[PDB]
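Enquirer: Right, I'll just put the structure down here and ask away after.
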Amino acid sequence: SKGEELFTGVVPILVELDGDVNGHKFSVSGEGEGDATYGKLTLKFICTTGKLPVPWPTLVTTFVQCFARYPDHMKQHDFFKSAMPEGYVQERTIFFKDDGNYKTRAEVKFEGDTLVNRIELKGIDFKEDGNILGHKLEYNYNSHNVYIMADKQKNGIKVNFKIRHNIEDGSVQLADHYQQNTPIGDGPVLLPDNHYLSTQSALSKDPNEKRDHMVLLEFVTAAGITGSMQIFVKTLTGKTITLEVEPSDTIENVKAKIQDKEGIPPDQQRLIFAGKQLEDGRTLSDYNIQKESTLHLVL
């Protein structure tokens, strides 16, 4: 989209959260930077009101999916950047199994050169002796797939995933996430086909920091839509077949796929595109061969 251009290079990020969990009020400020080319986010958060009353890992998902890396073949499915600069509202309900819930509302938008995430969080019905208010969660994080679908009647996306938080006893605390995002602006956005974000997070601490804090790193990559594409091949007798290939397929691997359909050994095949003989150790992309091009099989 047009919003994509705002993500070239490294973009500064500001995060602000006001929270109230079981009547315990708190605030957090964060700052860092995002590099969507690498799908990478680095953030540091400080609780400005004192001690955080919930475990830091429970707030990782709340604290900018516009920093995901969408592969080239999926760029038309990146809702998040397409909503910029005006941004989007991100709302969630997070159900902690056998415990309380968070409800969050956030605005993610550009303020000048800086991508800002401003959040209100309310938590209710937590057990005083449970994993959350009892601070029984390990300080670590797992990889999850974030499933995205368009809501084409409502101009946004619906998102769901299940977070697993590790506990020392070897149990896990599940946090079922339900999410919706809606653009703030009136211009059109990208309403995607179904896909997911493969999301990795690592939590660390700053030895010099005395305040209650979290350092967060995320790597986020879109997936779930095949990068394979069809090409056409004219066979020795002039019939047309299709192959399923990736741009990174070697000419050798293309010949292997032709053997599967036509029964001609690779070492007997010669492939021609636009009059040019194709050489085994090169790739389809090396030749700038696009989806639904035609190759010619000859002897």
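In the structure tokens, the first chain shown is A, the next is B, and so on; residue numbers restart at 1 for each chain, and ligands run from 1 in the order shown.
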Per DSSP on the backbone, what are the alpha helix (DSSP H) residues of range 47-262 of chain A, as a PyMOL selection string?

Expert: chain A and resi 79-82+251-262

Enquirer: Please report, as CSV, each residue of range 182-281 of chain A lying at most 12 Å from range 4-27 of chain A, together with the nearest pair of atoms and the separation in Å rounded to one decimal; use only C-alpha atoms, and order rows by chain and ascending residue number.

Expert:
residue,atom,partner,partner_atom,distance
A:189,CA,A:4,CA,11.5
A:190,CA,A:4,CA,11.2
A:212,CA,A:27,CA,11.4
A:213,CA,A:27,CA,11.6

Enquirer: Closest to residue 181 in chain A among A:274, A:132, A:202, A:157, using only C-alpha atoms?

Expert: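 Closest candidate: A:157.
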
Enquirer: Go through A:136, A:152, A:177, A:44 and flag the residue nearest residue 103 in chain A, using only C-alpha atoms for the distances.

Expert: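 Going through A:136, A:152, A:177, A:44 one by one, the smallest distance to residue 103 in chain A is for A:177.
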
Enquirer: What gap, in Å, lies between CA of residue 51 in chain A and CA of residue 166 in chain A?

Expert: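 Separation between CA of residue 51 in chain A and CA of residue 166 in chain A: 21.4 Å.
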
Enquirer: Please determine, counting only C-alpha atoms, which residue among A:209, A:107, A:292, A:267 has the shortest atom-to-atom distance to residue 230 in chain A.

Expert: A:292

Enquirer: Tell me which protein, DNA and RNA residues are within 12 Å of residue 227 in chain A, counting only C-alpha atoms, leaving out same-chain ones fewer than 4 positions away, and put them as a list in words.

Expert: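 Surrounding residues, per the criterion: residues 70, 71, 72, 73, 74, 75, 222, 223, 244, 245, 246, 247, 248, 249 and 291 of chain A.
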
Enquirer: Generate a file of the selected residues that holds N, CA and C atoms, formatted as a compact mmCIF listing (two decimals), in the first residue's frame.

Expert:
# COMPACT_ATOMS: atom_id res chain seq x y z
N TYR A 70 6.07 -8.72 5.76
CA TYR A 70 5.26 -9.45 4.77
C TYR A 70 6.19 -9.79 3.61
N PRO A 71 6.31 -11.06 3.27
CA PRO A 71 7.00 -11.46 2.05
C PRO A 71 6.39 -10.77 0.83
N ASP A 72 7.21 -10.58 -0.20
CA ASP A 72 6.74 -9.91 -1.39
C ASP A 72 5.40 -10.45 -1.94
N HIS A 73 5.25 -11.75 -1.96
CA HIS A 73 4.05 -12.33 -2.53
C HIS A 73 2.79 -12.12 -1.66
N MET A 74 2.99 -11.54 -0.45
CA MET A 74 1.87 -11.30 0.46
C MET A 74 1.65 -9.84 0.75
N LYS A 75 2.36 -8.93 0.09
CA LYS A 75 2.25 -7.52 0.48
C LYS A 75 0.83 -6.94 0.35
N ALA A 222 4.94 -12.64 8.25
CA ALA A 222 3.64 -13.15 7.71
C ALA A 222 3.87 -14.44 6.91
N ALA A 223 2.91 -15.32 6.97
CA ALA A 223 2.99 -16.67 6.36
C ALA A 223 1.57 -17.16 6.17
N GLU A 244 3.84 -26.23 -10.60
CA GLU A 244 3.85 -25.40 -9.39
C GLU A 244 5.28 -25.21 -8.95
N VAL A 245 5.75 -23.97 -8.93
CA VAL A 245 7.17 -23.65 -8.71
C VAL A 245 7.33 -22.46 -7.76
N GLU A 246 8.51 -22.32 -7.15
CA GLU A 246 8.84 -21.07 -6.45
C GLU A 246 9.92 -20.31 -7.22
N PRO A 247 10.01 -18.98 -7.03
CA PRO A 247 11.06 -18.20 -7.69
C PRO A 247 12.48 -18.72 -7.40
N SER A 248 12.66 -19.33 -6.23
CA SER A 248 13.96 -19.82 -5.82
C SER A 248 14.26 -21.22 -6.36
N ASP A 249 13.34 -21.79 -7.15
CA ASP A 249 13.60 -23.10 -7.77
C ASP A 249 14.68 -23.00 -8.81
N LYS A 291 5.39 -15.39 -12.50
CA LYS A 291 4.19 -16.26 -12.44
C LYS A 291 3.47 -16.27 -13.80

Enquirer: Which of these residues is nearest to residue 200 in chain A, using only C-alpha atoms: A:233, A:148, A:278, A:217?

Expert: A:217

Enquirer: Just checking: using only C-alpha atoms, which residue out of A:81, A:163, A:225, A:59 ends up closest to residue 122 in chain A?

Expert: A:59

Enquirer: Here is a test: counting only C-alpha atoms, which residue of A:294, A:253, A:179, A:269 is nearest to residue 239 in chain A?

Expert: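 That would be A:294, the residue with the smallest distance to residue 239 in chain A.
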
Enquirer: Name the residues in contact with residue 80 in chain A at a cut-off of 10 Å, using only C-alpha atoms, excluding same-chain residues fewer than 6 positions from it; report them as an MDAnalysis selection string.

Expert: chainID A and resid 1 3:4 64:68 87:88 108:109 156:157 181:183 189:191

Enquirer: Can you spit out the residues from that selection as a PDB file, in the first residue's frame, using N, CA and C atoms?

Expert:
ATOM      1  N   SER A   1       0.836  -1.198   0.000  1.00  0.00           N
ATOM      2  CA  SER A   1       0.000   0.000   0.000  1.00  0.00           C
ATOM      3  C   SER A   1       0.886   1.270   0.000  1.00  0.00           C
ATOM      4  N   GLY A   3       0.892   3.296   2.686  1.00  0.00           N
ATOM      5  CA  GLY A   3       1.402   3.201   4.061  1.00  0.00           C
ATOM      6  C   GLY A   3       2.703   2.419   4.181  1.00  0.00           C
ATOM      7  N   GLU A   4       2.929   1.436   3.318  1.00  0.00           N
ATOM      8  CA  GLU A   4       4.196   0.684   3.347  1.00  0.00           C
ATOM      9  C   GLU A   4       5.495   1.525   3.311  1.00  0.00           C
ATOM     10  N   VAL A  64       2.161  -3.812  17.960  1.00  0.00           N
ATOM     11  CA  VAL A  64       2.500  -2.916  16.792  1.00  0.00           C
ATOM     12  C   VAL A  64       2.766  -3.800  15.579  1.00  0.00           C
ATOM     13  N   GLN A  65       1.744  -4.547  15.165  1.00  0.00           N
ATOM     14  CA  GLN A  65       1.889  -5.560  14.138  1.00  0.00           C
ATOM     15  C   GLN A  65       2.120  -5.010  12.788  1.00  0.00           C
ATOM     16  N   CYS A  66       2.082  -3.667  12.646  1.00  0.00           N
ATOM     17  CA  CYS A  66       2.588  -2.980  11.452  1.00  0.00           C
ATOM     18  C   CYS A  66       4.074  -3.189  11.223  1.00  0.00           C
ATOM     19  N   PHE A  67       4.831  -3.712  12.227  1.00  0.00           N
ATOM     20  CA  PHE A  67       6.255  -4.010  12.021  1.00  0.00           C
ATOM     21  C   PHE A  67       6.516  -5.419  11.497  1.00  0.00           C
ATOM     22  N   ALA A  68       5.474  -6.181  11.214  1.00  0.00           N
ATOM     23  CA  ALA A  68       5.689  -7.484  10.596  1.00  0.00           C
ATOM     24  C   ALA A  68       6.386  -7.375   9.259  1.00  0.00           C
ATOM     25  N   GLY A  87      -3.739   5.398  10.975  1.00  0.00           N
ATOM     26  CA  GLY A  87      -3.653   4.311  11.972  1.00  0.00           C
ATOM     27  C   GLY A  87      -4.892   3.429  12.088  1.00  0.00           C
ATOM     28  N   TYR A  88      -4.865   2.642  13.153  1.00  0.00           N
ATOM     29  CA  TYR A  88      -5.986   1.746  13.432  1.00  0.00           C
ATOM     30  C   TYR A  88      -6.222   1.672  14.919  1.00  0.00           C
ATOM     31  N   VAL A 108      -3.012   2.861  17.294  1.00  0.00           N
ATOM     32  CA  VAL A 108      -1.653   2.705  16.687  1.00  0.00           C
ATOM     33  C   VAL A 108      -1.617   3.593  15.477  1.00  0.00           C
ATOM     34  N   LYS A 109      -0.716   4.566  15.465  1.00  0.00           N
ATOM     35  CA  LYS A 109      -0.753   5.598  14.394  1.00  0.00           C
ATOM     36  C   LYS A 109       0.569   6.298  14.354  1.00  0.00           C
ATOM     37  N   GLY A 156     -12.404  -4.221   8.442  1.00  0.00           N
ATOM     38  CA  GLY A 156     -11.262  -4.404   9.347  1.00  0.00           C
ATOM     39  C   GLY A 156     -10.862  -5.848   9.301  1.00  0.00           C
ATOM     40  N   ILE A 157     -10.121  -6.243  10.327  1.00  0.00           N
ATOM     41  CA  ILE A 157      -9.676  -7.613  10.485  1.00  0.00           C
ATOM     42  C   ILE A 157     -10.068  -8.164  11.850  1.00  0.00           C
ATOM     43  N   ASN A 181      -9.316  -5.157  14.559  1.00  0.00           N
ATOM     44  CA  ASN A 181      -8.670  -3.877  14.192  1.00  0.00           C
ATOM     45  C   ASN A 181      -9.494  -3.183  13.135  1.00  0.00           C
ATOM     46  N   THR A 182      -9.610  -1.870  13.315  1.00  0.00           N
ATOM     47  CA  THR A 182     -10.440  -1.051  12.425  1.00  0.00           C
ATOM     48  C   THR A 182      -9.612   0.188  12.042  1.00  0.00           C
ATOM     49  N   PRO A 183      -9.662   0.645  10.800  1.00  0.00           N
ATOM     50  CA  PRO A 183      -8.905   1.828  10.466  1.00  0.00           C
ATOM     51  C   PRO A 183      -9.483   3.073  11.130  1.00  0.00           C
ATOM     52  N   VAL A 189      -8.392   0.450   2.985  1.00  0.00           N
ATOM     53  CA  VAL A 189      -7.251  -0.298   3.504  1.00  0.00           C
ATOM     54  C   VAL A 189      -7.180  -1.637   2.797  1.00  0.00           C
ATOM     55  N   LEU A 190      -6.135  -2.427   3.033  1.00  0.00           N
ATOM     56  CA  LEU A 190      -6.045  -3.798   2.483  1.00  0.00           C
ATOM     57  C   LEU A 190      -6.796  -4.736   3.385  1.00  0.00           C
ATOM     58  N   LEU A 191      -7.834  -5.382   2.840  1.00  0.00           N
ATOM     59  CA  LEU A 191      -8.618  -6.383   3.563  1.00  0.00           C
ATOM     60  C   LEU A 191      -8.148  -7.766   3.119  1.00  0.00           C
TER      61      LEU A 191
END

Enquirer: Mind listing the strand (DSSP E) residues of range 113-284 of chain A, per DSSP on the backbone, as an NGL selection string?

Expert: :A and (114-124 or 144-151 or 156-166 or 172-183 or 195-204 or 213-223 or 229-234 or 240-245 or 270-273 or 276-277)

Enquirer: Hey, what's within 8 Å of residue 293 in chain A if we count only C-alpha atoms and toss same-chain stuff fewer than 3 positions away? As an MDAnalysis selection string, please?

Expert: chainID A and resid 231:232 289:290
